[PDB]
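Raw protein-v3.txt, compact mmCIF, N, CA, C and O atoms:
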```txt
# COMPACT_ATOMS: atom_id res chain seq x y z
N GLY A 1 0.82 -1.24 0.00
CA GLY A 1 0.00 0.00 0.00
C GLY A 1 0.84 1.26 0.00
O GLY A 1 1.86 1.34 -0.69
N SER A 2 0.41 2.26 0.77
CA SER A 2 1.12 3.54 0.85
C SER A 2 2.03 3.59 2.08
O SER A 2 1.86 2.80 3.02
N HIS A 3 2.98 4.53 2.06
CA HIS A 3 3.93 4.71 3.16
C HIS A 3 4.87 3.50 3.27
O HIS A 3 4.54 2.50 3.90
N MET A 4 6.05 3.61 2.64
CA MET A 4 7.03 2.52 2.66
C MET A 4 8.29 2.93 3.42
O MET A 4 8.61 4.11 3.53
N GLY A 5 8.99 1.93 3.95
CA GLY A 5 10.21 2.18 4.70
C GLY A 5 10.27 1.39 6.00
O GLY A 5 11.11 0.51 6.16
N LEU A 6 9.38 1.73 6.93
CA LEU A 6 9.32 1.05 8.23
C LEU A 6 7.87 0.93 8.71
O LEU A 6 7.23 1.94 9.03
N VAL A 7 7.37 -0.30 8.77
CA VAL A 7 6.00 -0.55 9.21
C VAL A 7 5.95 -1.65 10.28
O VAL A 7 6.78 -2.57 10.28
N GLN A 8 4.99 -1.54 11.20
CA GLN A 8 4.83 -2.51 12.27
C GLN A 8 3.74 -3.53 11.94
O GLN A 8 2.77 -3.21 11.25
N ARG A 9 3.91 -4.76 12.43
CA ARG A 9 2.95 -5.84 12.19
C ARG A 9 2.91 -6.81 13.37
O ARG A 9 3.95 -7.12 13.97
N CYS A 10 1.71 -7.31 13.69
CA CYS A 10 1.54 -8.26 14.79
C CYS A 10 1.51 -9.70 14.27
O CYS A 10 0.78 -10.01 13.33
N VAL A 11 2.31 -10.56 14.90
CA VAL A 11 2.38 -11.97 14.50
C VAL A 11 1.80 -12.88 15.59
O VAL A 11 2.23 -12.82 16.74
N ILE A 12 0.84 -13.72 15.22
CA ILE A 12 0.22 -14.64 16.18
C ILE A 12 0.87 -16.02 16.12
O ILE A 12 0.70 -16.75 15.13
N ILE A 13 1.60 -16.38 17.17
CA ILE A 13 2.28 -17.67 17.24
C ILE A 13 1.56 -18.62 18.19
O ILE A 13 1.23 -18.26 19.32
N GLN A 14 1.31 -19.85 17.72
CA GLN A 14 0.63 -20.87 18.52
C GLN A 14 1.63 -21.90 19.04
O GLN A 14 2.70 -22.09 18.46
N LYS A 15 1.27 -22.58 20.13
CA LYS A 15 2.14 -23.60 20.72
C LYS A 15 1.88 -24.96 20.08
O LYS A 15 0.73 -25.41 19.99
N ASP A 16 2.95 -25.62 19.64
CA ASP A 16 2.85 -26.93 19.01
C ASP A 16 3.68 -27.97 19.77
O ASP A 16 4.23 -27.67 20.83
N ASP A 17 3.78 -29.18 19.21
CA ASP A 17 4.56 -30.26 19.84
C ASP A 17 6.02 -29.84 20.04
O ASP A 17 6.65 -30.21 21.03
N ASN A 18 6.55 -29.07 19.09
CA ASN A 18 7.93 -28.59 19.16
C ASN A 18 8.01 -27.19 19.79
O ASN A 18 9.11 -26.66 19.99
N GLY A 19 6.86 -26.59 20.10
CA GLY A 19 6.84 -25.27 20.70
C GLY A 19 6.83 -24.15 19.66
O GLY A 19 6.47 -24.38 18.51
N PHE A 20 7.23 -22.95 20.08
CA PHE A 20 7.27 -21.80 19.18
C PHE A 20 8.40 -21.94 18.15
O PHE A 20 8.18 -21.75 16.96
N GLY A 21 9.59 -22.29 18.63
CA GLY A 21 10.74 -22.46 17.75
C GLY A 21 11.21 -21.16 17.13
O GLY A 21 11.18 -21.01 15.90
N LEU A 22 11.64 -20.21 17.96
CA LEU A 22 12.12 -18.92 17.48
C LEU A 22 13.18 -18.33 18.40
O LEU A 22 13.11 -18.47 19.62
N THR A 23 14.17 -17.66 17.81
CA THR A 23 15.25 -17.03 18.57
C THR A 23 15.14 -15.51 18.52
O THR A 23 14.98 -14.93 17.44
N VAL A 24 15.21 -14.87 19.68
CA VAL A 24 15.11 -13.41 19.76
C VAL A 24 16.03 -12.83 20.85
O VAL A 24 16.21 -13.44 21.91
N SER A 25 16.62 -11.67 20.56
CA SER A 25 17.54 -11.03 21.50
C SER A 25 17.35 -9.51 21.53
O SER A 25 16.77 -8.93 20.61
N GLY A 26 17.85 -8.88 22.59
CA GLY A 26 17.74 -7.43 22.73
C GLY A 26 16.57 -7.01 23.61
O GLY A 26 15.62 -7.77 23.80
N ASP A 27 16.64 -5.78 24.15
CA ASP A 27 15.58 -5.25 25.01
C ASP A 27 14.76 -4.20 24.26
O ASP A 27 14.95 -4.02 23.06
N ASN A 28 13.83 -3.54 24.99
CA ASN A 28 12.94 -2.51 24.42
C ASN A 28 12.65 -2.81 22.94
O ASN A 28 11.74 -3.59 22.66
N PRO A 29 13.43 -2.27 21.97
CA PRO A 29 13.23 -2.59 20.56
C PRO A 29 13.82 -3.97 20.25
O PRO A 29 14.78 -4.09 19.48
N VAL A 30 13.25 -4.99 20.88
CA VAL A 30 13.72 -6.37 20.73
C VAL A 30 13.85 -6.76 19.25
O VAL A 30 13.05 -6.35 18.42
N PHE A 31 14.88 -7.55 18.94
CA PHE A 31 15.12 -7.98 17.57
C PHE A 31 15.15 -9.51 17.45
O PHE A 31 15.92 -10.19 18.13
N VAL A 32 14.31 -10.04 16.55
CA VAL A 32 14.24 -11.48 16.32
C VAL A 32 15.44 -11.95 15.49
O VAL A 32 15.73 -11.39 14.44
N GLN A 33 16.13 -12.97 15.99
CA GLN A 33 17.30 -13.51 15.30
C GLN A 33 16.90 -14.47 14.18
O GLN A 33 17.13 -14.19 13.00
N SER A 34 16.30 -15.61 14.55
CA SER A 34 15.87 -16.60 13.56
C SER A 34 14.56 -17.28 13.99
O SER A 34 14.15 -17.18 15.14
N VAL A 35 13.92 -17.96 13.04
CA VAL A 35 12.65 -18.65 13.31
C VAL A 35 12.62 -20.03 12.64
O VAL A 35 13.22 -20.24 11.59
N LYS A 36 11.90 -20.96 13.27
CA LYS A 36 11.78 -22.32 12.74
C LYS A 36 10.94 -22.34 11.46
O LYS A 36 9.72 -22.17 11.51
N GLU A 37 11.60 -22.57 10.32
CA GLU A 37 10.92 -22.62 9.03
C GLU A 37 9.78 -23.64 9.03
O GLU A 37 8.76 -23.45 8.36
N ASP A 38 9.94 -24.72 9.79
CA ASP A 38 8.92 -25.76 9.88
C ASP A 38 8.30 -25.79 11.28
O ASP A 38 8.13 -26.86 11.87
N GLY A 39 7.97 -24.61 11.81
CA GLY A 39 7.36 -24.52 13.13
C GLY A 39 6.42 -23.34 13.26
O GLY A 39 6.20 -22.60 12.29
N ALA A 40 5.85 -23.17 14.45
CA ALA A 40 4.92 -22.07 14.72
C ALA A 40 5.50 -20.72 14.33
O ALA A 40 4.78 -19.84 13.86
N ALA A 41 6.81 -20.55 14.52
CA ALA A 41 7.48 -19.30 14.19
C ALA A 41 7.24 -18.92 12.72
O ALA A 41 6.73 -17.84 12.43
N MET A 42 7.59 -19.83 11.81
CA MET A 42 7.39 -19.60 10.38
C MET A 42 5.91 -19.69 10.02
O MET A 42 5.41 -18.92 9.20
N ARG A 43 5.20 -20.64 10.64
CA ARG A 43 3.77 -20.83 10.38
C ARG A 43 2.98 -19.56 10.73
O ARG A 43 2.00 -19.23 10.06
N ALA A 44 3.41 -18.85 11.78
CA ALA A 44 2.74 -17.62 12.21
C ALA A 44 3.04 -16.45 11.27
O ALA A 44 2.35 -15.43 11.31
N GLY A 45 4.06 -16.59 10.43
CA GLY A 45 4.43 -15.53 9.50
C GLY A 45 5.62 -14.72 9.97
O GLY A 45 5.75 -13.54 9.62
N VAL A 46 6.50 -15.34 10.76
CA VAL A 46 7.69 -14.65 11.26
C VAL A 46 8.89 -14.93 10.36
O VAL A 46 9.08 -16.05 9.89
N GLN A 47 9.70 -13.89 10.13
CA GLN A 47 10.88 -14.02 9.28
C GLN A 47 12.16 -13.85 10.09
O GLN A 47 12.12 -13.44 11.25
N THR A 48 13.30 -14.16 9.47
CA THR A 48 14.60 -14.04 10.13
C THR A 48 15.07 -12.59 10.11
O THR A 48 15.30 -12.01 9.04
N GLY A 49 15.22 -12.00 11.30
CA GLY A 49 15.66 -10.62 11.40
C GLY A 49 14.50 -9.64 11.46
O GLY A 49 14.28 -8.88 10.52
N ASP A 50 13.76 -9.67 12.57
CA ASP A 50 12.61 -8.77 12.75
C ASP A 50 12.81 -7.89 13.98
O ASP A 50 13.68 -8.16 14.81
N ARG A 51 12.01 -6.83 14.10
CA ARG A 51 12.12 -5.91 15.24
C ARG A 51 10.87 -5.97 16.12
O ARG A 51 9.97 -5.15 15.98
N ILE A 52 10.82 -6.95 17.03
CA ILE A 52 9.68 -7.09 17.93
C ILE A 52 9.66 -5.97 18.98
O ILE A 52 10.61 -5.80 19.75
N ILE A 53 8.57 -5.20 18.97
CA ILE A 53 8.41 -4.08 19.89
C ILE A 53 7.43 -4.42 21.03
O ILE A 53 7.62 -3.96 22.16
N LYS A 54 6.39 -5.21 20.73
CA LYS A 54 5.40 -5.57 21.75
C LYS A 54 5.04 -7.06 21.68
O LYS A 54 5.25 -7.71 20.65
N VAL A 55 4.48 -7.58 22.77
CA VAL A 55 4.08 -8.99 22.84
C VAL A 55 2.78 -9.13 23.64
O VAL A 55 2.76 -8.95 24.86
N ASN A 56 1.69 -9.46 22.93
CA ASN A 56 0.37 -9.63 23.54
C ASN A 56 -0.08 -8.35 24.25
O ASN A 56 -0.74 -8.40 25.29
N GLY A 57 0.28 -7.19 23.69
CA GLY A 57 -0.09 -5.92 24.29
C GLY A 57 0.97 -5.42 25.26
O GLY A 57 1.32 -4.24 25.24
N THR A 58 1.50 -6.33 26.09
CA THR A 58 2.53 -5.98 27.06
C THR A 58 3.83 -5.62 26.34
O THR A 58 4.49 -6.49 25.76
N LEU A 59 4.18 -4.34 26.38
CA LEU A 59 5.39 -3.85 25.73
C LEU A 59 6.63 -4.47 26.36
O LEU A 59 6.66 -4.75 27.56
N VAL A 60 7.67 -4.67 25.54
CA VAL A 60 8.92 -5.25 26.02
C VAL A 60 9.89 -4.15 26.47
O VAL A 60 11.11 -4.32 26.39
N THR A 61 9.34 -3.03 26.95
CA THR A 61 10.15 -1.91 27.41
C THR A 61 9.94 -1.67 28.92
O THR A 61 10.07 -0.55 29.40
N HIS A 62 9.61 -2.74 29.64
CA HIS A 62 9.38 -2.67 31.08
C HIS A 62 9.64 -4.02 31.75
O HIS A 62 10.36 -4.10 32.74
N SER A 63 9.04 -5.08 31.19
CA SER A 63 9.20 -6.43 31.73
C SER A 63 10.64 -6.92 31.57
O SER A 63 11.29 -6.66 30.55
N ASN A 64 11.14 -7.63 32.58
CA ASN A 64 12.51 -8.16 32.57
C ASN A 64 12.63 -9.36 31.63
O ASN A 64 11.66 -9.74 30.97
N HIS A 65 13.82 -9.96 31.58
CA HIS A 65 14.06 -11.12 30.72
C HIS A 65 13.10 -12.26 31.06
O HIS A 65 12.25 -12.63 30.25
N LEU A 66 13.23 -12.81 32.27
CA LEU A 66 12.35 -13.90 32.72
C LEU A 66 10.88 -13.47 32.68
O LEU A 66 10.00 -14.30 32.47
N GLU A 67 10.63 -12.17 32.87
CA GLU A 67 9.27 -11.63 32.86
C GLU A 67 8.61 -11.84 31.50
O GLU A 67 7.52 -12.42 31.42
N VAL A 68 9.26 -11.37 30.43
CA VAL A 68 8.72 -11.52 29.08
C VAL A 68 8.51 -12.99 28.73
O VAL A 68 7.52 -13.35 28.10
N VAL A 69 9.45 -13.84 29.17
CA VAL A 69 9.35 -15.28 28.91
C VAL A 69 8.10 -15.85 29.58
O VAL A 69 7.32 -16.57 28.95
N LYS A 70 7.91 -15.52 30.86
CA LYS A 70 6.75 -15.99 31.62
C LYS A 70 5.45 -15.55 30.95
O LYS A 70 4.50 -16.33 30.88
N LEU A 71 5.42 -14.31 30.46
CA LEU A 71 4.23 -13.78 29.80
C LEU A 71 3.92 -14.56 28.52
O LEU A 71 2.78 -14.97 28.29
N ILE A 72 4.94 -14.77 27.69
CA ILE A 72 4.77 -15.51 26.44
C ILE A 72 4.43 -16.98 26.72
O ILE A 72 3.56 -17.56 26.07
N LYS A 73 5.12 -17.56 27.70
CA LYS A 73 4.88 -18.96 28.08
C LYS A 73 3.50 -19.14 28.72
O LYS A 73 2.92 -20.22 28.64
N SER A 74 2.98 -18.08 29.35
CA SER A 74 1.67 -18.13 30.00
C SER A 74 0.55 -18.09 28.96
O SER A 74 -0.19 -17.11 28.87
N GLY A 75 0.44 -19.16 28.18
CA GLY A 75 -0.59 -19.24 27.15
C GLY A 75 -0.15 -20.09 25.97
O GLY A 75 1.05 -20.18 25.68
N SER A 76 -1.11 -20.71 25.29
CA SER A 76 -0.80 -21.55 24.13
C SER A 76 -0.28 -20.71 22.97
O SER A 76 0.84 -20.91 22.49
N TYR A 77 -1.09 -19.76 22.52
CA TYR A 77 -0.71 -18.88 21.41
C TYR A 77 -0.68 -17.42 21.86
O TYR A 77 -1.41 -17.02 22.77
N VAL A 78 0.17 -16.62 21.21
CA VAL A 78 0.30 -15.20 21.54
C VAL A 78 0.66 -14.36 20.32
O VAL A 78 1.35 -14.83 19.41
N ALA A 79 0.20 -13.11 20.32
CA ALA A 79 0.49 -12.18 19.23
C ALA A 79 1.68 -11.29 19.58
O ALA A 79 1.83 -10.89 20.73
N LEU A 80 2.53 -11.01 18.60
CA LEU A 80 3.71 -10.18 18.84
C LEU A 80 3.81 -9.03 17.84
O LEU A 80 3.90 -9.24 16.64
N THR A 81 3.80 -7.80 18.37
CA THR A 81 3.91 -6.60 17.55
C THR A 81 5.37 -6.34 17.20
O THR A 81 6.16 -5.93 18.05
N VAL A 82 5.73 -6.59 15.94
CA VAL A 82 7.10 -6.40 15.47
C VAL A 82 7.16 -5.40 14.31
O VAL A 82 6.12 -4.93 13.83
N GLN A 83 8.37 -5.10 13.86
CA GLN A 83 8.58 -4.16 12.76
C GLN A 83 9.68 -4.68 11.83
O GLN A 83 10.63 -5.32 12.28
N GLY A 84 9.54 -4.40 10.54
CA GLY A 84 10.52 -4.85 9.57
C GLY A 84 10.75 -3.85 8.45
O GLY A 84 10.53 -2.65 8.63
N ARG A 85 11.18 -4.35 7.29
CA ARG A 85 11.44 -3.50 6.13
C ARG A 85 11.11 -4.25 4.84
O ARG A 85 11.25 -5.47 4.77
N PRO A 86 10.67 -3.52 3.79
CA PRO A 86 10.32 -4.13 2.50
C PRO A 86 11.56 -4.60 1.73
O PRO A 86 12.35 -3.79 1.26
N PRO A 87 11.73 -5.93 1.59
CA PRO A 87 12.88 -6.51 0.88
C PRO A 87 12.80 -6.27 -0.63
O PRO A 87 11.97 -6.87 -1.32
N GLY A 88 13.66 -5.39 -1.13
CA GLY A 88 13.67 -5.08 -2.55
C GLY A 88 12.56 -4.13 -2.94
O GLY A 88 11.64 -4.50 -3.66
N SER A 89 12.64 -2.89 -2.44
CA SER A 89 11.64 -1.87 -2.74
C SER A 89 12.23 -0.76 -3.60
O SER A 89 11.46 -0.16 -4.39
N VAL B 90 28.57 -8.99 26.84
CA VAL B 90 28.26 -8.71 25.41
C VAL B 90 26.76 -8.52 25.19
O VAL B 90 26.34 -7.57 24.52
N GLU B 91 25.95 -9.42 25.76
CA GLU B 91 24.50 -9.34 25.63
C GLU B 91 23.80 -10.16 26.72
O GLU B 91 23.86 -11.39 26.71
N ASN B 92 23.13 -9.47 27.65
CA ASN B 92 22.42 -10.15 28.73
C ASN B 92 20.90 -9.96 28.63
O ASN B 92 20.23 -9.71 29.63
N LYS B 93 20.37 -10.08 27.40
CA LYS B 93 18.93 -9.93 27.18
C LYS B 93 18.46 -10.78 25.98
O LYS B 93 17.66 -10.32 25.16
N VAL B 94 18.97 -12.01 25.89
CA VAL B 94 18.60 -12.91 24.79
C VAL B 94 17.68 -14.03 25.29
O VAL B 94 17.90 -14.60 26.35
N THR B 95 16.64 -14.33 24.50
CA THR B 95 15.69 -15.38 24.86
C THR B 95 15.33 -16.24 23.64
O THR B 95 14.94 -15.72 22.59
N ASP B 96 15.44 -17.56 23.81
CA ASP B 96 15.12 -18.50 22.74
C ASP B 96 13.96 -19.41 23.17
O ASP B 96 14.04 -20.08 24.20
N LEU B 97 12.89 -19.41 22.38
CA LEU B 97 11.71 -20.23 22.69
C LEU B 97 11.29 -21.06 21.47
O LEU B 97 11.58 -22.27 21.45
```
Would it be possible to restate this file's structure as structure tokens?
Amino acid sequence: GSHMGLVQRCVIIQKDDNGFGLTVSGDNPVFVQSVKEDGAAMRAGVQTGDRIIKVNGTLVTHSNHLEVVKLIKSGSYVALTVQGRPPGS
Amino acid sequence: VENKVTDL
């Protein structure tokens, strides 16, 4: 659509036999490292190298490391507000 | 180096 460069998007990840299967590092403007191509991570629409800003509404700019984990783990599926860039624009 | 990484 309109407005290109930097846009935010929410990804809904569900819990499976293998779990979420995704790697993420960093605080506040959290950044996703990699995701399981054959798992909830990829199935939910997550790509390698994303900028996760929020998780299930609860922003990642207050909750501690174990805190964010407990929040995400506290539930089968969860939505994550992340940001990326248009590849080849 | 980095004390804020989480893998799930």
Near chain B, which residues of chain A fall within 5 Å when you count only N, CA, C and O atoms, and what do they look like as a VMD selection string? chain A and resid 20 to 27
Between atom O of residue 8 (chain A) and CA of residue 84 (chain A), what is the spacing in Å? 8.1 Å
With only C-alpha atoms counted, which protein, DNA or RNA residues have an atom no more than 8 Å from (14.0, -1.5, 27.3) in the file frame? Please answer as a ChimeraX atom specification. /A:27-29,60-62
Report the residues of chain A whose backbone DSSP state falls under helix (DSSP H, G or I), written as a PyMOL selection string. chain A and resi 40-43+65-73
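Straight-line separation from atom C of residue 34 (chain A) to CA of residue 49 (chain A): 7.2 Å.
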Measuring atom to atom with only C-alpha atoms, identify which of A:19, A:82, A:5, A:89 is nearest to residue 48 (chain A).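 Ranking A:19, A:82, A:5, A:89 by distance to residue 48 (chain A), first place goes to A:82.
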What does the structure give for the distance between CA of residue 72 (chain A) and CA of residue 33 (chain A), in Å to one decimal? 16.9 Å
Using only N, CA, C and O atoms, give me every residue within 7 Å of (9.1, -0.3, 1.1) in file coordinates, as a PyMOL selection string. chain A and resi 3-6+85-89
Using backbone DSSP assignments, extract all strand (DSSP E or B) residues from chain A; output them as a tab-separated table (two decimals) with N, CA, C and O atoms, keeping the file's coordinate frame.
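And here's part-v1.tsv as it stands now:
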```tsv
chain	number	residue	atom	x	y	z
A	7	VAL	N	7.37	-0.30	8.77
A	7	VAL	CA	6.00	-0.55	9.21
A	7	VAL	C	5.95	-1.65	10.28
A	7	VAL	O	6.78	-2.57	10.28
A	8	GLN	N	4.99	-1.54	11.20
A	8	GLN	CA	4.83	-2.51	12.27
A	8	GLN	C	3.74	-3.53	11.94
A	8	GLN	O	2.77	-3.21	11.25
A	9	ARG	N	3.91	-4.76	12.43
A	9	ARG	CA	2.95	-5.84	12.19
A	9	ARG	C	2.91	-6.81	13.37
A	9	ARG	O	3.95	-7.12	13.97
A	10	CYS	N	1.71	-7.31	13.69
A	10	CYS	CA	1.54	-8.26	14.79
A	10	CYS	C	1.51	-9.70	14.27
A	10	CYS	O	0.78	-10.01	13.33
A	11	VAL	N	2.31	-10.56	14.90
A	11	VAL	CA	2.38	-11.97	14.50
A	11	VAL	C	1.80	-12.88	15.59
A	11	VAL	O	2.23	-12.82	16.74
A	12	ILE	N	0.84	-13.72	15.22
A	12	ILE	CA	0.22	-14.64	16.18
A	12	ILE	C	0.87	-16.02	16.12
A	12	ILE	O	0.70	-16.75	15.13
A	13	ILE	N	1.60	-16.38	17.17
A	13	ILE	CA	2.28	-17.67	17.24
A	13	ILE	C	1.56	-18.62	18.19
A	13	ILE	O	1.23	-18.26	19.32
A	22	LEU	N	11.64	-20.21	17.96
A	22	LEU	CA	12.12	-18.92	17.48
A	22	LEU	C	13.18	-18.33	18.40
A	22	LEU	O	13.11	-18.47	19.62
A	23	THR	N	14.17	-17.66	17.81
A	23	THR	CA	15.25	-17.03	18.57
A	23	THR	C	15.14	-15.51	18.52
A	23	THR	O	14.98	-14.93	17.44
A	24	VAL	N	15.21	-14.87	19.68
A	24	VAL	CA	15.11	-13.41	19.76
A	24	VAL	C	16.03	-12.83	20.85
A	24	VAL	O	16.21	-13.44	21.91
A	25	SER	N	16.62	-11.67	20.56
A	25	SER	CA	17.54	-11.03	21.50
A	25	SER	C	17.35	-9.51	21.53
A	25	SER	O	16.77	-8.93	20.61
A	31	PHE	N	14.88	-7.55	18.94
A	31	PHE	CA	15.12	-7.98	17.57
A	31	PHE	C	15.15	-9.51	17.45
A	31	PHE	O	15.92	-10.19	18.13
A	32	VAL	N	14.31	-10.04	16.55
A	32	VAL	CA	14.24	-11.48	16.32
A	32	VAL	C	15.44	-11.95	15.49
A	32	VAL	O	15.73	-11.39	14.44
A	33	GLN	N	16.13	-12.97	15.99
A	33	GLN	CA	17.30	-13.51	15.30
A	33	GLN	C	16.90	-14.47	14.18
A	33	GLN	O	17.13	-14.19	13.00
A	34	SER	N	16.30	-15.61	14.55
A	34	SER	CA	15.87	-16.60	13.56
A	34	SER	C	14.56	-17.28	13.99
A	34	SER	O	14.15	-17.18	15.14
A	35	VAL	N	13.92	-17.96	13.04
A	35	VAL	CA	12.65	-18.65	13.31
A	35	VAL	C	12.62	-20.03	12.64
A	35	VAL	O	13.22	-20.24	11.59
A	50	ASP	N	13.76	-9.67	12.57
A	50	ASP	CA	12.61	-8.77	12.75
A	50	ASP	C	12.81	-7.89	13.98
A	50	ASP	O	13.68	-8.16	14.81
A	51	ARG	N	12.01	-6.83	14.10
A	51	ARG	CA	12.12	-5.91	15.24
A	51	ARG	C	10.87	-5.97	16.12
A	51	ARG	O	9.97	-5.15	15.98
A	52	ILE	N	10.82	-6.95	17.03
A	52	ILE	CA	9.68	-7.09	17.93
A	52	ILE	C	9.66	-5.97	18.98
A	52	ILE	O	10.61	-5.80	19.75
A	53	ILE	N	8.57	-5.20	18.97
A	53	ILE	CA	8.41	-4.08	19.89
A	53	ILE	C	7.43	-4.42	21.03
A	53	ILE	O	7.62	-3.96	22.16
A	54	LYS	N	6.39	-5.21	20.73
A	54	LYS	CA	5.40	-5.57	21.75
A	54	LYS	C	5.04	-7.06	21.68
A	54	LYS	O	5.25	-7.71	20.65
A	55	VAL	N	4.48	-7.58	22.77
A	55	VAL	CA	4.08	-8.99	22.84
A	55	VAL	C	2.78	-9.13	23.64
A	55	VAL	O	2.76	-8.95	24.86
A	58	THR	N	1.50	-6.33	26.09
A	58	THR	CA	2.53	-5.98	27.06
A	58	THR	C	3.83	-5.62	26.34
A	58	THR	O	4.49	-6.49	25.76
A	59	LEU	N	4.18	-4.34	26.38
A	59	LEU	CA	5.39	-3.85	25.73
A	59	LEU	C	6.63	-4.47	26.36
A	59	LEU	O	6.66	-4.75	27.56
A	78	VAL	N	0.17	-16.62	21.21
A	78	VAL	CA	0.30	-15.20	21.54
A	78	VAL	C	0.66	-14.36	20.32
A	78	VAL	O	1.35	-14.83	19.41
A	79	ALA	N	0.20	-13.11	20.32
A	79	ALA	CA	0.49	-12.18	19.23
A	79	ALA	C	1.68	-11.29	19.58
A	79	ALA	O	1.83	-10.89	20.73
A	80	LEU	N	2.53	-11.01	18.60
A	80	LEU	CA	3.71	-10.18	18.84
A	80	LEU	C	3.81	-9.03	17.84
A	80	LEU	O	3.90	-9.24	16.64
A	81	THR	N	3.80	-7.80	18.37
A	81	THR	CA	3.91	-6.60	17.55
A	81	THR	C	5.37	-6.34	17.20
A	81	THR	O	6.16	-5.93	18.05
A	82	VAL	N	5.73	-6.59	15.94
A	82	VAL	CA	7.10	-6.40	15.47
A	82	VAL	C	7.16	-5.40	14.31
A	82	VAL	O	6.12	-4.93	13.83
A	83	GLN	N	8.37	-5.10	13.86
A	83	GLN	CA	8.58	-4.16	12.76
A	83	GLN	C	9.68	-4.68	11.83
A	83	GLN	O	10.63	-5.32	12.28
A	84	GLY	N	9.54	-4.40	10.54
A	84	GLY	CA	10.52	-4.85	9.57
A	84	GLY	C	10.75	-3.85	8.45
A	84	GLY	O	10.53	-2.65	8.63
```
Report as a PyMOL selection string all protein, DNA and RNA residues lying within 8 Å of residue 52 (chain A), evaluated on only C-alpha atoms, omitting residues in the same chain fewer than 6 positions from it. chain A and resi 29-32+80-83
